[PDB]
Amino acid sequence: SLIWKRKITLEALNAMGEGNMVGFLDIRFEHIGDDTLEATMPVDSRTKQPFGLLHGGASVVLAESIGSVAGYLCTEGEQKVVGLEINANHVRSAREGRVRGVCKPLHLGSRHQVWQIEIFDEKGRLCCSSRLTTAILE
């Protein structure tokens, strides 16, 4: 199923993060299915807490970053999306490597959207499950 309303390439996406938070974290997308969007992120002196574990906020940064663009790719023309509510359950820690976020839609309405982003570690072990609720602004 194709949910995307706009067309884009990993090239353009990754370009977005340069100059802002997304950039200074090395978050790079790596897939764009018909109804799915993936991305990864490291685990170092930028995405870790004072104990050397994948910071929970880092996972949310990753979740929101992907959900935001994905929601955008589901709109038309001058439309835009703004994240309203986000939540996440940290069910497993991470200390090294890169985590991959898999974003899928739970609901794509005309005025708002709900995105689910599951984050897994290199071994494929689920570390975080988050949801993003956005509003479509004309």
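One-based numbering along the sequence shown.
Quick one: say whether 95-103 or 81-89 has the higher mean Cα B-factor in the deposited entry.
Averaged over C-alpha atoms, the B-factors run higher in 95-103.
Identify the stretch, either 114-122 or 15-23, whose C-alpha atoms have the larger mean B-factor according to the entry.
Per the PDB entry, the higher value belongs to 15-23.
If you compare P42, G67, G109, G56, which has the highest Cα B-factor in the entry?
Max CA B-factor in the entry, restricted to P42, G67, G109, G56: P42.
Using the temperature factors of the C-alpha atoms in this entry, rank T75 within its chain: lowest, middle or highest third.
Lowest third - that is where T75 ends up once the chain's C-alpha B-factors are sorted.
Ranked against its chain, the third holding the CA B-factor of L2:
Its C-alpha B-factor, which the entry lists for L2, ranks in the highest third among residues of this chain.
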